[PDB]
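K.L.:
Pasting protein07.txt here (compact mmCIF, N, CA, C and O atoms):
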```txt
# COMPACT_ATOMS: atom_id res chain seq x y z
N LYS L 1 -15.06 -3.64 13.03
CA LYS L 1 -13.91 -4.29 12.41
C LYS L 1 -14.20 -5.76 12.14
O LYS L 1 -13.54 -6.65 12.67
N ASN L 2 -15.20 -5.99 11.31
CA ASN L 2 -15.62 -7.34 10.98
C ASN L 2 -14.48 -8.12 10.34
O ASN L 2 -14.04 -7.80 9.24
N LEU L 3 -14.02 -9.14 11.05
CA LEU L 3 -12.91 -9.96 10.59
C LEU L 3 -13.38 -10.87 9.46
O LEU L 3 -13.45 -12.09 9.61
N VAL L 4 -13.71 -10.27 8.33
CA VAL L 4 -14.25 -11.00 7.20
C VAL L 4 -13.15 -11.89 6.64
O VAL L 4 -11.97 -11.70 6.95
N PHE L 5 -13.55 -12.87 5.84
CA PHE L 5 -12.66 -13.62 4.96
C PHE L 5 -13.13 -13.44 3.53
O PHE L 5 -14.29 -13.10 3.29
N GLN L 6 -12.22 -13.65 2.59
CA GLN L 6 -12.55 -13.66 1.17
C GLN L 6 -12.40 -15.09 0.65
O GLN L 6 -11.40 -15.75 0.93
N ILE L 7 -13.38 -15.54 -0.12
CA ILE L 7 -13.46 -16.91 -0.58
C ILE L 7 -13.55 -16.98 -2.10
O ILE L 7 -12.67 -17.52 -2.75
N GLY L 8 -14.61 -16.46 -2.66
CA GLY L 8 -14.80 -16.59 -4.08
C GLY L 8 -13.79 -15.78 -4.86
O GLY L 8 -13.35 -14.71 -4.45
N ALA L 9 -13.42 -16.32 -6.01
CA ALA L 9 -12.64 -15.56 -6.98
C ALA L 9 -13.47 -14.49 -7.67
O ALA L 9 -12.94 -13.78 -8.53
N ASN L 10 -14.76 -14.39 -7.35
CA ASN L 10 -15.62 -13.30 -7.76
C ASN L 10 -16.04 -12.50 -6.53
O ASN L 10 -15.61 -12.78 -5.41
N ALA L 11 -16.89 -11.50 -6.75
CA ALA L 11 -17.17 -10.51 -5.71
C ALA L 11 -18.23 -11.00 -4.74
O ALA L 11 -19.04 -11.88 -5.05
N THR L 12 -18.21 -10.42 -3.54
CA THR L 12 -19.16 -10.59 -2.44
C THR L 12 -19.01 -11.93 -1.73
O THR L 12 -19.64 -12.12 -0.69
N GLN L 13 -18.19 -12.85 -2.22
CA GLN L 13 -18.14 -14.20 -1.69
C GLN L 13 -17.24 -14.20 -0.45
O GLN L 13 -16.11 -14.69 -0.45
N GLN L 14 -17.78 -13.64 0.62
CA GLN L 14 -17.06 -13.40 1.86
C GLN L 14 -17.76 -14.06 3.04
O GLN L 14 -18.90 -14.51 2.94
N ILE L 15 -17.03 -14.11 4.15
CA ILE L 15 -17.49 -14.71 5.39
C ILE L 15 -17.41 -13.64 6.47
O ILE L 15 -16.67 -12.66 6.30
N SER L 16 -18.19 -13.79 7.54
CA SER L 16 -18.13 -12.91 8.70
C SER L 16 -17.72 -13.72 9.93
O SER L 16 -18.16 -14.86 10.11
N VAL L 17 -16.89 -13.11 10.78
CA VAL L 17 -16.31 -13.76 11.95
C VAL L 17 -16.56 -12.86 13.16
O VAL L 17 -16.60 -11.64 13.03
N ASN L 18 -16.71 -13.47 14.34
CA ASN L 18 -17.02 -12.75 15.57
C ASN L 18 -16.13 -13.25 16.70
O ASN L 18 -16.20 -14.42 17.08
N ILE L 19 -15.30 -12.35 17.24
CA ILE L 19 -14.32 -12.67 18.27
C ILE L 19 -14.37 -11.58 19.33
O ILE L 19 -14.05 -10.42 19.04
N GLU L 20 -14.73 -11.95 20.56
CA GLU L 20 -15.14 -10.96 21.55
C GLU L 20 -14.59 -11.16 22.97
O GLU L 20 -14.70 -10.26 23.80
N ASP L 21 -13.97 -12.31 23.26
CA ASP L 21 -13.59 -12.60 24.64
C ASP L 21 -12.47 -11.67 25.10
O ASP L 21 -11.73 -11.11 24.28
N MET L 22 -12.37 -11.50 26.41
CA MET L 22 -11.27 -10.86 27.11
C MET L 22 -11.31 -11.31 28.57
O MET L 22 -12.33 -11.79 29.07
N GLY L 23 -10.17 -11.19 29.25
CA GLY L 23 -10.13 -11.49 30.67
C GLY L 23 -11.10 -10.66 31.50
O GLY L 23 -11.52 -11.08 32.58
N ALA L 24 -11.45 -9.48 31.00
CA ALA L 24 -12.50 -8.66 31.58
C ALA L 24 -13.90 -9.07 31.13
O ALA L 24 -14.85 -8.34 31.41
N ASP L 25 -14.04 -10.19 30.42
CA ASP L 25 -15.34 -10.68 29.97
C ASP L 25 -15.77 -11.87 30.81
O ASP L 25 -15.02 -12.84 30.98
N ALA L 26 -16.98 -11.78 31.33
CA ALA L 26 -17.58 -12.75 32.22
C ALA L 26 -19.07 -12.67 31.95
O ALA L 26 -19.46 -12.42 30.80
N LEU L 27 -19.91 -12.97 32.96
CA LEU L 27 -21.37 -12.88 32.87
C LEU L 27 -21.85 -11.72 32.01
O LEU L 27 -21.56 -10.56 32.30
N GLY L 28 -22.59 -12.05 30.96
CA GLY L 28 -22.93 -11.09 29.93
C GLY L 28 -24.23 -10.36 30.21
O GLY L 28 -25.23 -10.61 29.54
N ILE L 29 -24.22 -9.47 31.20
CA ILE L 29 -25.40 -8.65 31.45
C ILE L 29 -25.67 -7.77 30.24
O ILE L 29 -26.67 -7.93 29.54
N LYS L 30 -24.78 -6.82 29.99
CA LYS L 30 -24.52 -6.28 28.67
C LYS L 30 -23.01 -6.26 28.44
O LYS L 30 -22.51 -6.63 27.38
N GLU L 31 -22.29 -5.87 29.49
CA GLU L 31 -20.87 -5.61 29.49
C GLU L 31 -20.40 -5.89 30.91
O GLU L 31 -21.14 -6.46 31.72
N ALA L 32 -19.20 -5.42 31.23
CA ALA L 32 -18.76 -5.42 32.61
C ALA L 32 -19.74 -4.60 33.43
O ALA L 32 -19.71 -3.36 33.39
N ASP L 33 -20.63 -5.27 34.16
CA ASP L 33 -21.73 -4.60 34.85
C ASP L 33 -21.19 -3.63 35.89
O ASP L 33 -21.39 -2.41 35.77
N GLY L 34 -20.50 -4.15 36.88
CA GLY L 34 -19.89 -3.35 37.92
C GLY L 34 -18.74 -4.14 38.51
O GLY L 34 -17.97 -4.76 37.77
N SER L 35 -18.63 -4.15 39.84
CA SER L 35 -17.71 -5.05 40.50
C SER L 35 -18.01 -6.51 40.19
O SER L 35 -17.12 -7.36 40.33
N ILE L 36 -19.25 -6.82 39.79
CA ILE L 36 -19.66 -8.17 39.46
C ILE L 36 -19.87 -8.26 37.96
O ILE L 36 -19.93 -7.25 37.25
N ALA L 37 -19.98 -9.49 37.48
CA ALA L 37 -20.37 -9.88 36.13
C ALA L 37 -19.27 -9.66 35.11
O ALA L 37 -19.43 -10.08 33.96
N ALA L 38 -18.18 -8.98 35.45
CA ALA L 38 -16.92 -9.08 34.73
C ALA L 38 -15.76 -9.26 35.68
O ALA L 38 -14.83 -10.02 35.40
N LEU L 39 -15.82 -8.58 36.83
CA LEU L 39 -14.62 -8.31 37.61
C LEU L 39 -14.44 -9.25 38.78
O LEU L 39 -13.46 -9.10 39.51
N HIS L 40 -15.34 -10.21 39.00
CA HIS L 40 -14.93 -11.34 39.81
C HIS L 40 -13.94 -12.20 39.04
O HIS L 40 -13.10 -12.87 39.65
N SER L 41 -14.01 -12.17 37.71
CA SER L 41 -12.95 -12.74 36.89
C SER L 41 -11.66 -11.95 37.05
O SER L 41 -10.58 -12.54 37.10
N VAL L 42 -11.76 -10.62 37.15
CA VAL L 42 -10.58 -9.78 37.25
C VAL L 42 -10.25 -9.53 38.71
O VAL L 42 -9.19 -9.95 39.20
N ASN L 43 -11.14 -8.87 39.44
CA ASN L 43 -10.80 -8.42 40.79
C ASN L 43 -10.99 -9.51 41.83
O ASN L 43 -10.36 -9.46 42.90
N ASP L 44 -11.84 -10.50 41.56
CA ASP L 44 -11.99 -11.63 42.47
C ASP L 44 -12.43 -11.21 43.87
O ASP L 44 -11.60 -11.19 44.79
N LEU L 45 -13.71 -10.87 44.04
CA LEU L 45 -14.25 -10.41 45.31
C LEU L 45 -13.88 -11.27 46.52
O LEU L 45 -13.99 -10.80 47.65
N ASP L 46 -13.43 -12.52 46.32
CA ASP L 46 -12.97 -13.36 47.42
C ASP L 46 -11.64 -12.82 47.94
O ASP L 46 -10.56 -13.31 47.63
N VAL L 47 -11.74 -11.76 48.75
CA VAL L 47 -10.60 -11.24 49.48
C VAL L 47 -10.92 -11.37 50.97
O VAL L 47 -10.37 -12.24 51.66
N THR L 48 -11.84 -10.53 51.44
CA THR L 48 -12.51 -10.68 52.72
C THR L 48 -13.98 -10.32 52.64
O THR L 48 -14.72 -10.62 53.58
N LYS L 49 -14.42 -9.66 51.56
CA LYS L 49 -15.84 -9.51 51.25
C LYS L 49 -16.56 -10.84 51.33
O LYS L 49 -17.71 -10.90 51.76
N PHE L 50 -15.89 -11.90 50.90
CA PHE L 50 -16.50 -13.20 50.88
C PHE L 50 -16.54 -13.85 52.25
O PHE L 50 -17.29 -14.81 52.45
N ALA L 51 -15.75 -13.36 53.20
CA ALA L 51 -15.90 -13.71 54.60
C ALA L 51 -17.04 -12.96 55.28
O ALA L 51 -17.73 -13.54 56.12
N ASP N 1 -10.06 -0.01 4.83
CA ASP N 1 -11.19 0.76 5.31
C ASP N 1 -12.51 0.04 5.11
O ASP N 1 -13.41 0.14 5.95
N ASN N 2 -12.65 -0.68 4.00
CA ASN N 2 -13.85 -1.44 3.71
C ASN N 2 -13.51 -2.48 2.65
O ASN N 2 -12.51 -2.33 1.94
N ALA N 3 -14.32 -3.53 2.54
CA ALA N 3 -14.02 -4.65 1.65
C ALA N 3 -15.24 -5.18 0.91
O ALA N 3 -15.09 -6.12 0.13
N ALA N 4 -16.44 -4.63 1.15
CA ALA N 4 -17.65 -5.17 0.54
C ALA N 4 -18.56 -4.13 -0.10
O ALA N 4 -19.12 -4.38 -1.17
N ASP N 5 -18.73 -2.98 0.55
CA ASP N 5 -19.99 -2.26 0.47
C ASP N 5 -19.91 -0.87 -0.15
O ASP N 5 -20.88 -0.45 -0.79
N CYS N 6 -18.81 -0.14 0.01
CA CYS N 6 -18.79 1.24 -0.46
C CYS N 6 -18.83 1.36 -1.97
O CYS N 6 -19.00 2.47 -2.49
N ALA N 7 -18.64 0.26 -2.70
CA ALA N 7 -18.72 0.21 -4.16
C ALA N 7 -17.60 0.97 -4.85
O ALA N 7 -17.66 1.16 -6.07
N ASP N 8 -16.62 1.46 -4.10
CA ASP N 8 -15.41 2.03 -4.68
C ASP N 8 -14.18 1.44 -4.00
O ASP N 8 -13.19 1.14 -4.67
N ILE N 9 -14.26 1.23 -2.69
CA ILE N 9 -13.13 0.73 -1.91
C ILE N 9 -13.37 -0.66 -1.34
O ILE N 9 -12.62 -1.08 -0.44
N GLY N 10 -14.36 -1.40 -1.85
CA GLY N 10 -14.86 -2.61 -1.21
C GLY N 10 -14.76 -3.90 -1.99
O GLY N 10 -15.73 -4.66 -2.04
N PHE N 11 -13.63 -4.15 -2.67
CA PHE N 11 -13.29 -5.41 -3.33
C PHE N 11 -14.07 -5.69 -4.61
O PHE N 11 -13.58 -6.41 -5.50
N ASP N 12 -15.19 -5.00 -4.79
CA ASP N 12 -16.18 -5.46 -5.75
C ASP N 12 -16.13 -4.60 -6.99
O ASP N 12 -16.09 -5.11 -8.12
N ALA N 13 -16.12 -3.28 -6.79
CA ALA N 13 -15.64 -2.38 -7.82
C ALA N 13 -14.32 -2.89 -8.38
O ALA N 13 -14.22 -3.18 -9.57
N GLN N 14 -13.33 -3.10 -7.51
CA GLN N 14 -11.98 -3.42 -7.95
C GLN N 14 -11.95 -4.69 -8.79
O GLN N 14 -11.52 -4.68 -9.95
N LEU N 15 -12.42 -5.80 -8.20
CA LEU N 15 -12.38 -7.07 -8.92
C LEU N 15 -13.21 -6.99 -10.20
O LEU N 15 -12.91 -7.65 -11.19
N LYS N 16 -14.26 -6.16 -10.19
CA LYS N 16 -15.03 -5.96 -11.41
C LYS N 16 -14.22 -5.22 -12.46
O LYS N 16 -14.33 -5.51 -13.66
N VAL N 17 -13.38 -4.26 -12.04
CA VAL N 17 -12.53 -3.55 -12.98
C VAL N 17 -11.56 -4.52 -13.63
O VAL N 17 -11.35 -4.50 -14.85
N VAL N 18 -10.95 -5.38 -12.81
CA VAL N 18 -10.05 -6.39 -13.35
C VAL N 18 -10.81 -7.28 -14.33
O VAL N 18 -10.32 -7.59 -15.43
N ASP N 19 -12.03 -7.68 -13.96
CA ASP N 19 -12.80 -8.59 -14.80
C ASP N 19 -13.08 -7.98 -16.17
O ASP N 19 -12.70 -8.55 -17.20
N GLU N 20 -13.76 -6.83 -16.20
CA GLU N 20 -14.11 -6.28 -17.50
C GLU N 20 -12.88 -5.84 -18.26
O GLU N 20 -12.88 -5.86 -19.49
N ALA N 21 -11.83 -5.41 -17.56
CA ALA N 21 -10.58 -5.07 -18.24
C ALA N 21 -10.07 -6.26 -19.03
O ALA N 21 -9.80 -6.17 -20.24
N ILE N 22 -9.98 -7.41 -18.36
CA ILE N 22 -9.55 -8.63 -19.01
C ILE N 22 -10.51 -9.00 -20.14
O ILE N 22 -10.12 -9.63 -21.13
N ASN N 23 -11.78 -8.63 -20.01
CA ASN N 23 -12.73 -8.92 -21.07
C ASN N 23 -12.55 -7.99 -22.26
O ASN N 23 -12.82 -8.37 -23.40
N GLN N 24 -12.08 -6.76 -22.02
CA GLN N 24 -11.71 -5.88 -23.12
C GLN N 24 -10.53 -6.46 -23.87
O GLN N 24 -10.50 -6.45 -25.11
N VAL N 25 -9.54 -6.95 -23.11
CA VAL N 25 -8.44 -7.69 -23.71
C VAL N 25 -8.98 -8.79 -24.61
O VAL N 25 -8.66 -8.86 -25.80
N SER N 26 -9.86 -9.63 -24.06
CA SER N 26 -10.46 -10.72 -24.82
C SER N 26 -11.10 -10.25 -26.12
O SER N 26 -10.79 -10.77 -27.19
N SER N 27 -11.99 -9.26 -26.02
CA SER N 27 -12.70 -8.77 -27.19
C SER N 27 -11.75 -8.28 -28.27
O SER N 27 -11.87 -8.69 -29.44
N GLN N 28 -10.78 -7.44 -27.90
CA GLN N 28 -9.86 -6.93 -28.91
C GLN N 28 -9.05 -8.05 -29.53
O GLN N 28 -8.78 -8.04 -30.74
N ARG N 29 -8.63 -9.02 -28.72
CA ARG N 29 -7.86 -10.14 -29.25
C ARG N 29 -8.69 -10.93 -30.25
O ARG N 29 -8.18 -11.37 -31.28
N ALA N 30 -9.98 -11.08 -29.97
CA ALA N 30 -10.87 -11.73 -30.93
C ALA N 30 -10.94 -10.95 -32.22
O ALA N 30 -10.97 -11.54 -33.31
N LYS N 31 -10.98 -9.62 -32.13
CA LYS N 31 -10.99 -8.81 -33.34
C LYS N 31 -9.72 -9.02 -34.15
O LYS N 31 -9.78 -9.27 -35.36
N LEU N 32 -8.57 -8.95 -33.49
CA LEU N 32 -7.29 -9.15 -34.16
C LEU N 32 -7.23 -10.51 -34.85
O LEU N 32 -6.84 -10.60 -36.02
N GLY N 33 -7.61 -11.57 -34.14
CA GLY N 33 -7.58 -12.89 -34.75
C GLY N 33 -8.55 -13.02 -35.90
O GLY N 33 -8.28 -13.72 -36.88
N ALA N 34 -9.71 -12.36 -35.80
CA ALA N 34 -10.64 -12.32 -36.92
C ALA N 34 -9.98 -11.71 -38.14
O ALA N 34 -10.10 -12.23 -39.26
N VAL N 35 -9.25 -10.61 -37.94
CA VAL N 35 -8.50 -10.01 -39.03
C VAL N 35 -7.51 -11.01 -39.59
O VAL N 35 -7.36 -11.14 -40.81
N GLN N 36 -6.83 -11.77 -38.72
CA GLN N 36 -5.86 -12.74 -39.21
C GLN N 36 -6.53 -13.81 -40.06
O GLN N 36 -5.97 -14.24 -41.08
N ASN N 37 -7.72 -14.26 -39.67
CA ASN N 37 -8.48 -15.17 -40.51
C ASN N 37 -8.72 -14.57 -41.88
O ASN N 37 -8.45 -15.20 -42.92
N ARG N 38 -9.23 -13.33 -41.91
CA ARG N 38 -9.51 -12.68 -43.17
C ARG N 38 -8.26 -12.55 -44.02
O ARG N 38 -8.33 -12.59 -45.25
N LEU N 39 -7.10 -12.36 -43.39
CA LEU N 39 -5.89 -12.18 -44.17
C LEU N 39 -5.36 -13.50 -44.69
O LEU N 39 -4.82 -13.56 -45.80
N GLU N 40 -5.52 -14.58 -43.92
CA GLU N 40 -5.14 -15.89 -44.44
C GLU N 40 -5.99 -16.26 -45.64
O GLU N 40 -5.46 -16.49 -46.74
N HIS N 41 -7.31 -16.32 -45.46
CA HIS N 41 -8.19 -16.66 -46.57
C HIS N 41 -8.04 -15.66 -47.72
O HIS N 41 -8.14 -16.04 -48.89
N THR N 42 -7.75 -14.41 -47.39
CA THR N 42 -7.54 -13.40 -48.41
C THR N 42 -6.32 -13.75 -49.26
O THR N 42 -6.41 -13.77 -50.49
N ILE N 43 -5.19 -14.06 -48.62
CA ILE N 43 -4.01 -14.44 -49.38
C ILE N 43 -4.28 -15.69 -50.19
O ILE N 43 -3.66 -15.92 -51.23
N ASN N 44 -5.19 -16.54 -49.72
CA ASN N 44 -5.50 -17.72 -50.51
C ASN N 44 -6.22 -17.33 -51.80
O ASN N 44 -5.85 -17.80 -52.88
N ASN N 45 -7.22 -16.45 -51.72
CA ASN N 45 -7.88 -16.01 -52.95
C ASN N 45 -6.93 -15.24 -53.84
O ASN N 45 -6.98 -15.36 -55.07
N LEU N 46 -6.11 -14.38 -53.24
CA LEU N 46 -5.13 -13.63 -54.01
C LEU N 46 -4.19 -14.58 -54.74
O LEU N 46 -3.94 -14.43 -55.93
N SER N 47 -3.69 -15.59 -54.04
CA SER N 47 -2.64 -16.41 -54.60
C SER N 47 -3.19 -17.34 -55.67
O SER N 47 -2.55 -17.56 -56.71
N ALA N 48 -4.39 -17.88 -55.46
CA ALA N 48 -4.95 -18.83 -56.43
C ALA N 48 -5.64 -18.11 -57.59
O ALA N 48 -5.48 -18.48 -58.76
N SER N 49 -6.43 -17.09 -57.28
CA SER N 49 -6.97 -16.25 -58.34
C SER N 49 -5.84 -15.66 -59.16
O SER N 49 -5.88 -15.71 -60.39
N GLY N 50 -4.81 -15.14 -58.50
CA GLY N 50 -3.69 -14.57 -59.21
C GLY N 50 -2.96 -15.59 -60.06
O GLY N 50 -2.58 -15.31 -61.19
N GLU N 51 -2.75 -16.79 -59.51
CA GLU N 51 -2.24 -17.93 -60.26
C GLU N 51 -2.96 -18.07 -61.60
O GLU N 51 -2.34 -18.07 -62.68
```
Do you think you could lay out the structure here as structure tokens?
P.N.:
Amino acid sequence: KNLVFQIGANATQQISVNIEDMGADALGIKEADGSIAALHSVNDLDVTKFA
Amino acid sequence: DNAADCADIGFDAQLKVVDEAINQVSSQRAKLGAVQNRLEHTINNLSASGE
């Protein structure tokens, strides 16, 4: 779903846009790796694991 | 569904249709006006020769 824009009054004169963040987005291994690299942002391992 | 690439649903076919359509308008209008030129100068020869 490329969030293109249209610019030229003629054809093909477009732009490409990239928007990817989410609260489940953190350290970019590839994706939400596991409990880490996305979900310390979400789940926050500092409960008692961090003790 | 698409805006660039499928060549039928991608802005470029479409805007091209509008473009050449308007150019058909242009061409025919030029023909009509050419006829009007011929009819003006024609009435001039008719009117003065006839005179």
K.L.:
Near residue 49 in chain L, counting only C-alpha atoms, which residues have an atom at most 12 Å away, once you skip same-chain residues fewer than 5 positions from it, shown as a list in words?
P.N.:
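Here the answer would be residues 35, 40, 43 and 44 of chain L.
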K.L.:
Those same residues - N, CA, C and O atoms - I'd like them written as a compact mmCIF listing (two decimals), in the frame of the given file.
P.N.:
```
# COMPACT_ATOMS: atom_id res chain seq x y z
N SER L 35 -18.63 -4.15 39.84
CA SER L 35 -17.71 -5.05 40.50
C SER L 35 -18.01 -6.51 40.19
O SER L 35 -17.12 -7.36 40.33
N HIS L 40 -15.34 -10.21 39.00
CA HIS L 40 -14.93 -11.34 39.81
C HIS L 40 -13.94 -12.20 39.04
O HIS L 40 -13.10 -12.87 39.65
N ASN L 43 -11.14 -8.87 39.44
CA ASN L 43 -10.80 -8.42 40.79
C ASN L 43 -10.99 -9.51 41.83
O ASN L 43 -10.36 -9.46 42.90
N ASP L 44 -11.84 -10.50 41.56
CA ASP L 44 -11.99 -11.63 42.47
C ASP L 44 -12.43 -11.21 43.87
O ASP L 44 -11.60 -11.19 44.79
```
K.L.:
Pick out the residues sitting within 6 Å of residue 24 in chain L, and hand them over as a list in words; count all atoms listed in the file, and ignore anything fewer than 6 positions along from it in its own chain.
P.N.:
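My list of contacting residues is residues 32, 37, 38, 39 and 42 of chain L.
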K.L.:
When you get a sec, could you note down which chain N residues fall within 8 Å of chain L, using all atoms listed in the file, as JSON, numbers by chain?
P.N.:
{"N": [1, 3, 4, 10, 11, 12, 13, 15, 16]}
K.L.:
Going by DSSP on the backbone, which bits of chain L are alpha helix (DSSP H)? Write them as a ChimeraX atom specification, please.
P.N.:
/L:39-42
K.L.:
Atom O of residue 17 in chain L and CA of residue 19 in chain N, how far apart in Å?
P.N.:
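If I compute the distance from CA of residue 19 in chain N to atom O of residue 17 in chain L, I get 28.3 Å.
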K.L.:
So, with all atoms listed in the file as the atoms that count, which of L:45, L:51, L:3, L:36 lies closest to residue 18 in chain L?
P.N.:
L:3
K.L.:
Take CA of residue 5 in chain N and atom O of residue 15 in chain L and report the distance between them in Å, one decimal.
P.N.:
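Atom O of residue 15 in chain L lies at a distance of 12.4 Å from CA of residue 5 in chain N.
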K.L.:
DSSP on the backbone: which residues in chain L end up as strand (DSSP E)? Give the answer as a list in words.
P.N.:
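Put together, the selection reads residues 5, 6, 14 and 15 of chain L.
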K.L.:
Restrict the selected residues to N, CA, C and O atoms and save them as a JSON list (two decimals), in the frame of the given file.
P.N.:
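Result file is out-v2.json:
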```json
[["chain", "number", "residue", "atom", "x", "y", "z"],
["L", 5, "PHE", "N", -13.55, -12.87, 5.84],
["L", 5, "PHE", "CA", -12.66, -13.62, 4.96],
["L", 5, "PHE", "C", -13.13, -13.44, 3.53],
["L", 5, "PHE", "O", -14.29, -13.10, 3.29],
["L", 6, "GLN", "N", -12.22, -13.65, 2.59],
["L", 6, "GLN", "CA", -12.55, -13.66, 1.17],
["L", 6, "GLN", "C", -12.40, -15.09, 0.65],
["L", 6, "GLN", "O", -11.40, -15.75, 0.93],
["L", 14, "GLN", "N", -17.78, -13.64, 0.62],
["L", 14, "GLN", "CA", -17.06, -13.40, 1.86],
["L", 14, "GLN", "C", -17.76, -14.06, 3.04],
["L", 14, "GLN", "O", -18.90, -14.51, 2.94],
["L", 15, "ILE", "N", -17.03, -14.11, 4.15],
["L", 15, "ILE", "CA", -17.49, -14.71, 5.39],
["L", 15, "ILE", "C", -17.41, -13.64, 6.47],
["L", 15, "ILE", "O", -16.67, -12.66, 6.30]]
```
K.L.:
Using atom C of residue 41 in chain L and atom O of residue 23 in chain L as the two end points, give the distance in Å to one decimal.
P.N.:
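Here the two named atoms are 4.6 Å from each other.
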